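Shown next, in structure tokens, is the structure this report addresses.
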Amino acid sequence: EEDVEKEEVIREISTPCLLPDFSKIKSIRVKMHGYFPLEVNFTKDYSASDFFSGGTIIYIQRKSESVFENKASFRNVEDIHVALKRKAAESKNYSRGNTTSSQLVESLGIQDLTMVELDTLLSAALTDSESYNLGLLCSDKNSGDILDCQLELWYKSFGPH
Amino acid sequence: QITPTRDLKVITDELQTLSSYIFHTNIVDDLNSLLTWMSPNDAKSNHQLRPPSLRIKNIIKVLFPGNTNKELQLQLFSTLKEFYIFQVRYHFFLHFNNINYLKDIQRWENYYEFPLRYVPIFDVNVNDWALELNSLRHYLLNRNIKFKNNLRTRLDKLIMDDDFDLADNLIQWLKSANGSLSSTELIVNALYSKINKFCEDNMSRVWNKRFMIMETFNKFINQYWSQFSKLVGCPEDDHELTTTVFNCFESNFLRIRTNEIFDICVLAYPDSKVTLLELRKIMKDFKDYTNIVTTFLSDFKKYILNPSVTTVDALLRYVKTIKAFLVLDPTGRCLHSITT
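The listed protein sequences correspond, in order, to chains F and U.
Residues 1575 to 1670, 1678 to 1705, 1710 to 1746 (UniProt numbering) make up the first sequence, in order.
Residues 4 to 68, 92 to 366 (UniProt numbering) make up the second sequence, in order.
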């Protein structure tokens, strides 16, 4: 509240910083490249003092860098700068390869969960009740590697055998 | 990107019936000659990278010189498109396991699009031909691990030998494919490998120069930054990318100096004094100091602490390291660790 009756001013501070009095704070958010954003707004019902009564520390969850997350398409923006920073950070530990399990699952060629699952399911048949269910997956309103399933179904239906 | 297919037999039967009704002539045999020519399934009746005769071209002119004829003609195009769509993927699936290099997919693309110039079927305003091409590219990326690895190696080799134009074509191909190997990761790794090798080539064992990291960074920027920006497509004045590149350069400079610190302090001193002071500007963490000492002890004890070495030269080199590290470290805590 800027210590006055004015509306608001955004204040950007580092982490180990002394925030102002709890009763005068309306909302706080944390944003940073990596851990997914967290934002809490304090209404009249609960105050910042009541929220922090258990402790003055708030935890944030870690966003997972999983191969299964990026099945076929990268939904992440993947900025060139943060990719370079991550590469430099990884090299610092490396200076201080197929060593991690993510490369192992990548080497096995089972990265795509849905594509592998439908490949097993289509192995033989093609019962009509199932076929409509598989066709429903191809005709999904929103999904990921939809084009992969469509062409896999085409390969099964009218491919070499 | 949903594409329909109505089986080869049905679409062929629809095609012969439509041509017979519209044309009222015996072009069906001659129509069958065209479909084989566009067909890469049969390698005897297709083009085989050979221009068609006058017969095929004349027919196309006939096919390509009221409302019912227009819609009957329109559904014909769609039916011809469906026939070719069946025909390309079946050929692609026949040779799916035979793909190992990018040059293979380009020649197959030329093989498929060879009839395209002689018979225009794809409308200009709809990039339909590109859509299935990206679809087939996407599947090849997401189904053939060996092709994916070969593309990684090919791009790494191409970026290593400064074949920038072919590398740009490869990056464009990957972006169009939109596969599980995004070009952003590849250019990051290619850039990281290139800067590491350039650093190894340039600032290896050269310690007389002052502010040489600036000299190295400027030389690399003038030699490769414009090409790299063209590859990525980002503006040339990307300030934060240049800052990160510089931060990686000094990190590489630190790593090289940590590796060579023994010859740096023992032999070149005091000629390498200047870069020692520059090194002092970079070291900031306790891990950096513990790595610098444990390496330096390891080599010094390896070489100098041999009793086969003369004791007078051993002491002379020893005090040379003492003054070198004292100038490097005003506190002298590392000297105490070395002395103990």
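Virtual Cβ for every residue (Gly too), placed ideally from N, Cα, C.
Secondary structure of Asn-228 of chain U (DSSP, three-state): helix. Using a CB distance cut-off of 8 Å, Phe-326 of chain U does not count as an interface residue toward chain F. For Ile-1602 of chain F, the uninterrupted beta strand (DSSP E) segment begins and ends at 1601-1604.
Contact annotation: in the region 260-279 of chain U, residues whose CB is within less than 7 Å of a CB in chain F are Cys-260, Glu-266, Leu-267, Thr-270, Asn-273, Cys-274, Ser-277. Taking C-alpha positions only, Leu-159 of chain U is separated from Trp-233 of chain U by approximately 53 Å. Taking 8 Å as the cut-off, the beta carbon of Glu-108 of chain U is found closer than this to the beta carbon of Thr-8 of chain U.
In the DSSP secondary-structure assignment, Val-1614 of chain F is bridged to F:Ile-1602. A residue is called buried once 16 or more other Cβ atoms fall within 10 Å of its Cβ, and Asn-168 of chain U is buried on that count.
Interface annotation, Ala-1662 of chain F: in contact with chain U, CB-CB separation under 8 Å. Burial is judged here by how many other beta carbons sit within 10 angstroms of a residue's own beta carbon; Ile-239 of chain U has at least 16 and is buried.
Where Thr-28 of chain U is concerned, there is no enclosing alpha helix (DSSP H), because DSSP gives it neither an H nor an E.
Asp-1700 of chain F: member of the alpha helix (DSSP H) spanning 1694-1703, first to last residue.
Fully enclosed alpha helix (DSSP H) runs of no fewer than 4 residues occupy 128-144 of the region 118-154 of chain U, in order along the chain. By the neighbour-count definition (other C-beta atoms within 10 Å, threshold 16), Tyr-1740 of chain F is a buried residue. In summary, the residues of the region 1637-1657 of chain F whose CB is separated from some CB of chain U by less than 8 Å are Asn-1644, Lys-1645, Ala-1646, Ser-1647, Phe-1648, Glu-1652, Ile-1654, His-1655, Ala-1657, in the order they occur in the chain. Residues are counted here when their Cβ sits less than 8 Å from a Cβ of chain F; for the region 115-135 of chain U these are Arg-115, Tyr-116, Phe-119, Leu-120, given in chain order.
If you compare the alpha carbons of U:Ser-161, U:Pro-68, U:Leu-192 with that of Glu-1737 of chain F, the shortest gap goes to U:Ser-161. For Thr-8 of chain U, the three-state secondary structure derived from DSSP is coil. Here the alpha carbons of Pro-333 of chain U and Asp-339 of chain U stand approximately 11 Å from one another.
With contacts defined by Cβ atoms closer than 8 Å, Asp-194 of chain U and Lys-96 of chain U do not form a contacting pair. Around the C-beta of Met-186 of chain U, fewer than 16 other C-beta atoms lie within 10 Å, and the residue is accordingly described as exposed.
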